[PDB]
Amino acid sequence: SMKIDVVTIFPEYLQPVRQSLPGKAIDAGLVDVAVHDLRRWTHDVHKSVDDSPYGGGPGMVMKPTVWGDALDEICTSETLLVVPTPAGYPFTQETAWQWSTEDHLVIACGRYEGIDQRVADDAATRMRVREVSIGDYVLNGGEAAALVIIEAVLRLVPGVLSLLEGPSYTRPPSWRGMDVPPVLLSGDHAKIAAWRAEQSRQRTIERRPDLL
Amino acid sequence: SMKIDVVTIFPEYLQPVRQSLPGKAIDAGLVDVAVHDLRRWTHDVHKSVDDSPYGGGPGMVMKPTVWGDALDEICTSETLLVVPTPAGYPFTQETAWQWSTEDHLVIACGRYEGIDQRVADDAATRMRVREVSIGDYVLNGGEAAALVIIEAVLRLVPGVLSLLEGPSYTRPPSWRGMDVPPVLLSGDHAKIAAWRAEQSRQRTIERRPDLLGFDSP
Ligand SMILES: Nc1ncnc2c1ncn2[C@@H]1O[C@H](CSCC[C@H](N)C(=O)O)[C@@H](O)[C@H]1O
Ligand SMILES: Nc1ncnc2c1ncn2[C@@H]1O[C@H](CSCC[C@H](N)C(=O)O)[C@@H](O)[C@H]1O
Ligand SMILES: [Mg+2]
Ligand SMILES: [Mg+2]
Ligand SMILES: [Mg+2]
Ligand SMILES: [Mg+2]
C-alpha cells in the first residue's frame, strides 16, 4: 500500500491524476491519493497563505504557521515529505524508484517564492524531507511538479500505472515516402539489436552528449 | 497572442491548464489553449491509435497515419511542433524563453512506447519540430509534460512579465523556536544582498554542483 497526500491551494489541479488511478488498484488498497486545500489550515477570515519576504524584494512567501498546522495534521513519523522547488536536488528515475516503496508520501505544493524555510527545517527534525526540482526550468507552482512526481513514482508500483532509446516504427511499412528501416523486417534478431544499439548511440551523441 | 494546441488520447488529463496562471493567461486572452482528442482522426469503429512495433520489443507504437492526419489539420508551416519524449533534447529555461515568442505551439502527446518516428520526420519537411525531454525520469504519457511546458512558457510571454535561490522567510520572526536569520531583519540592504548571494552559491554547490562546473554526486 502507498498513500500520497498532496497539499495545495489549487486542489482541482490534481483531480485528473486522481481519477486516472485504476479502480482495481484502489479496491486492492494498493494506492490512495488524497488532495487537501491548504486554506483549510488558514487562521484568518481572508484565508491568507502568503506574506511579504523578510529582507525585502519581489514576491511573497508562503506562511510557516499555515503550513506547519497542515503538516502537523497530515504527516506522521513514517512520512516522506516531498517539497518541489527549482532550488531542490534533482528528481530522477533513481529517486522515483526509491520513493515507489514508501508507505506515505506528502507533497507540499508551493507558490510565489516558495515556503518559509523553517517549515522544512522543523519538519526535518521529526520526519524525512526531500526538496526536489523536476528540471532546469521555472514553473509557477508545485502542482505540475506533483503531477510529474506522482506519475513517475506510481508507474513503478506494480498494478497502479545511460543511452537514449532510438526510433520506433509500426505499420504501414511505407508512409509518406518514408520506409521503415528494412533491418527491422529482416528476421535477423541479433542484427536488429546491433542496429538499435547504434541508433541509440547516435541519438545520445546528438541530443544528450552529457550522457557520453 | 499565442495559440497552443495539445493533441492527446486523454483530453481530460489536460483540464489543469484551466488552473492558476495558465488559466489566467487564458482568461486574459494572451494565450488560447485548445485540446484535441487524437481519436477524432481515426476512421475504424475500434478507433485504433496504436499497433505493435516493427522489429520486436514490448508495448505498442502510436500509428503514423492517425497522427499525420491530425497534424495536417492543426499545423501550418509557421507551427512549432513540440514532441515530448524521454529521448528528446533537454527542455530548459532557455527553451522556454525561446518558445515564449512563438505564435503557434502544437504539443503532440505520446502514450504507449511513443509515436512512430516518421510522424516527426514528415512534419519536419513542412515545419519546425522539437523533440524534448522534461527531465531524467519516465512518465507514462506526454500530457504531464505538456502541462509543464505550457506553464514554463506562459509565465514568460510578454504581457505577464545559472544559480539556485536560497531560502526565504516571512512573519513571524520567531516560530517554534526557529528564528529568521537576523541579517534579514537588520535593514542593511548591502548585508542582505551579500547574505542572499552567499546562500545561493552555498545551496548550489550542495544540491547542483554541476551548475558551477563540479562533478555530480
Ligand atoms: N523546476 C521546478 N521543479 C519543482 N518545482 C518547481 C520548479 N519550478 C517551480 N516549482 C514550484 O513552483 C513554486 C514557485 S517557484 C518559487 C521558488 C523560487 N522561484 C526559487 O527559485 O526557489 C515552487 O515553490 C515550486 O513548488
Ligand atoms: N521525461 C519525459 N519527458 C517528456 N515526455 C516524456 C518523458 N517521459 C515520458 N514521456 C512521454 O510519455 C510517453 C511514453 S514513454 C515512451 C516509452 C519509454 N521508452 C519507456 O520507457 O516506457 C512518451 O512518448 C512521451 O510523450
Ligand atoms: Mg520554492
Ligand atoms: Mg517512472
Ligand atoms: Mg533526453
Ligand atoms: Mg510525444
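Parameters and conventions
Residues numbered from 1 in each chain as written, not as in the entry; some residues may be left out. Chains lettered and ligands numbered in written order. Heavy atoms only, no water. Residues with missing side-chain atoms left out of burial classes, pairs and counts. Helix = DSSP H or I, 4+ residues; strand = E, 2+ residues; numbered from the N terminus. Rg over C-alpha atoms; globule rule 2.2 N^0.38 Å. Buried < 20%, exposed > 50% of the residue type's maximum accessible area, 1.4 Å probe, protein only. Near = heavy atom within 4 Å. Polar contact = N/O pair within 3.5 Å; in protein donor to acceptor, adjacent residues only side chain to side chain. Areas by Shrake-Rupley, 256 points an atom, 1.4 Å probe, with all protein chains shown as cover. Nonpolar A, V, L, I, M, F, W, Y, C, P; charged D, E, K, R; others polar. Donors = N, O, S within 2.8 Å, 3.2 Å for Na, K, Ca; no water. Contact = heavy atoms within 4.5 Å. Patch = residues over 30% accessible without salt bridge, like charges linked within 9 Å, V, L, I, M, F, W, Y side chains within 5 Å. Salt bridge = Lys/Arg side-chain N within 4 Å of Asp/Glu carboxyl O. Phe/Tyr/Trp six-rings, centres within 6.5 Å; stacked < 30°, edge-to-face > 60°. Expected span 1.5 Å × (residues − 1). Axes fitted to C-alpha atoms, helices over the stretch in contact; angles between N-to-C directions. Parallel < 35°, antiparallel > 145°, perpendicular 65-115°, else oblique. Left-handed = near helix turned anticlockwise from the far one by under 90°. Pairing = 2+ DSSP bridges.

Engineer: Which residues make up the overall build of chain A, and what values do they have?
Structural biologist: Within chain A one finds seven helices and nine strands. Taken over the C-alpha trace, chain A has a radius of gyration of 22 Å; the compact-globule value for 212 residues is 17 Å, which it surpasses by more than 25%.

Engineer: Now, about the environment of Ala194(B): what can you tell me, with residues and values included?
Structural biologist: Residue and element names in this part refer to chain B. Its location among the elements puts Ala194 in helix α7 (residues 189-207). For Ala194, a relative accessible area of 48% gives the class partly exposed. Linking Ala194 and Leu163, residues 31 residues apart in sequence, is a C-alpha distance of 14 Å.

Engineer: Quick rundown of the site of ligand 1? Include the residues and the values.
Structural biologist: Near ligand 1 you find 19 residues, and of these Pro84(A), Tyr112(A), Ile134(A), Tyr137(A) and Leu139(A) are the closest. Those chains with residues close to ligand 1 are chains A and B. Residue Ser133(A) places a side-chain N or O atom 3.4 Å away from a nitrogen atom belonging to ligand 1. Here ligand 1 has 540 Å² of accessible area as a free molecule, and 90% of this is covered by the chains. Counting only elements with at least two residues in the shell around ligand 1, the list comes to β5 (80-90) and β7 (128-133) of chain A. Considering every element that reaches the shell around ligand 1, the biggest residue donor is β5(A), with three residues. Counted by class, the shell around ligand 1 contains nine nonpolar, eight polar and two charged residues.

Engineer: Quick rundown of the coordination of the magnesium ion (ligand 4)? Include the residues and the values.
Structural biologist: For a metal bound by four donors in a tetrahedral arrangement, the ideal donor-metal-donor angle is 109.5 degrees, while six donors in an octahedral arrangement ideally sit at 90 or 180 degrees. The magnesium ion (ligand 4) binds to the protein through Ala152(A) (O) and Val138(B) (O), with metal-donor distances spanning 2.8 Å. Linking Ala152(A) in helix α6 (residues 143-154) with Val138(B) in the loop between β7 (128-133) and α5 (142-154), this pair reaches from one chain into another.

Engineer: Describe the interface of chain A and chain B, with residues and values.
Structural biologist: Contacts between the two partners involve 76 residues from chain A, matched on the other side by 75 residues from chain B. Put simply, the parts of the chain that give the side of chain A that touches chain B at least two residues each are β4 (61-62), α3 (64-74), β5, α5 (117-123), α6, β8 (174-175), β9 (178-179) and α7 (189-207) of chain A. Residues that form the side of chain A that touches chain B fall into these classes: 35 nonpolar, 16 polar and 25 charged.

Engineer: So what's going on with a nonpolar patch on the surface? Which residues, and what values?
Structural biologist: On the surface, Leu163(B), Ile205(B), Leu212(B) and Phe214(B) cluster together into a nonpolar patch covering about 330 Å² of accessible area. With a relative accessible area of 35%, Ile205(B) lands in the partly exposed category.

Engineer: Explain the packing of aromatic side chains to me, using residue names and the numbers behind them.
Structural biologist: All names here are of chain A. Under the definition given, this model contains five aromatic pairs over all chains. Residues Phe91 and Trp99 carry aromatic rings whose centres are separated by 5.5 Å and whose planes lie at 45 degrees to one another, so their mutual orientation is tilted. Judged by relative accessible area, which is 2%, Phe91 ranks as buried. For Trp99, a relative accessible area of 4% translates into the label buried.

Engineer: Help me get a handle on the side chain of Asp116(A), residues and values and all.
Structural biologist: One can find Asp116(A) in the loop between β6 (104-108) and α5. Looking at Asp116(A), its side chain comes within polar contact range of the main-chain nitrogen of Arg118(A), at 2.8 Å.

Engineer: Run through α6(A), naming residues and quoting values.
Structural biologist: The end-to-end C-alpha distance of α6(A), which contains twelve residues, comes to 16 Å, matching closely the 16 Å that a straight helix rising 1.5 Å per residue would cover. Here α6(A) has its buried residues at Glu143(A), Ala144(A), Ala145(A), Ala146(A), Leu147(A), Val148(A), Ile149(A), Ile150(A), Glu151(A), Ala152(A), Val153(A) and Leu154(A).

Engineer: Give me the pattern of salt bridges: which residues, what numbers.
Structural biologist: All names here are of chain A. Under the defined criterion, the tally for this structure stands at 27 salt bridges over all chains. Across the salt bridge formed by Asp72 and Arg126, the nearest N and O atoms sit 3.9 Å from each other. On the criterion of sequence distance, the pair formed by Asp72 in helix α3 and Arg126 in the loop between α5 and β7 is long-range, its members being 54 residues apart. Residue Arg126 is classed as partly exposed on the basis of its relative accessible area, which comes to 37%.

Engineer: An account of the packing of α6(A) against α5(B) is requested, with residue identities and associated values reported.
Structural biologist: For the pair α6(A) and α5(B), the least separation of the axes is 9 Å and the interaxial angle reads 155 degrees. Compared by their axis directions, α6(A) and α5(B) come out roughly antiparallel. Between α6(A) and α5(B) the crossing geometry is left-handed. Seen from α6(A), the contacting residues are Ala144(A), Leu147(A), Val148(A) and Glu151(A); seen from α5(B), they are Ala144(B), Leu147(B), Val148(B) and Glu151(B). Taken together, the residues of the contact of α6(A) with α5(B) sort by class into six nonpolar, no polar and two charged.

Engineer: Requested: an account of the sheet that holds strand β1 (residues 2-8) of chain A, with residues and values cited.
Structural biologist: Sheet strands line up and pair through hydrogen bonds in the backbone, either parallel or antiparallel. The strand order across the open sheet built from five strands is β2-β1-β6-β5-β7 (chain A), with neighbouring strands paired in parallel fashion. Every other strand in the sheet has two partners, leaving β2 (31-37) and β7 of chain A as the edge strands with one partner each. Looking at each pair of strands side by side, their axes are set apart by 25 degrees on average, direction ignored. Running over the sheet, α6(A) touches β1, β2, β5, β6 and β7 of chain A and is turned about 170 degrees from β1(A). Strand contacts of α7(B): β5 and β7 of chain A, with the helix running at about 110 degrees to β5(A), the strand carrying the most contacts.

Engineer: I'd like a description of the environment of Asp5(B), backed by residues and values.
Structural biologist: All names here are of chain B. Position of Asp5 relative to the elements: it lies in strand β1 (residues 2-8). By relative accessible area, which is 5% here, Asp5 ends up buried. Through-space distance from the C-alpha of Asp5 to that of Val35 is 5.8 Å; in sequence the pair is 30 residues apart. Ignoring sequence-local partners within four residues, the contact set of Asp5 consists of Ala34, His36, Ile74, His104, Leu105, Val106 and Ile107.

Engineer: Quick one: what's the story with the environment of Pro16(B), residue by residue and with numbers?
Structural biologist: Along the chain, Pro16(B) falls in the loop between β1 and α1 (20-27). Accessibility expressed as a relative area gives 3% for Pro16(B), which makes it buried. Sequence separation between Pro16(B) and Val31(B) is 15 residues, and the spatial gap between their C-alpha atoms is 15 Å. Contacts of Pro16(B), omitting those with residues within four sequence positions, involve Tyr13(A), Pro16(A) and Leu147(B).

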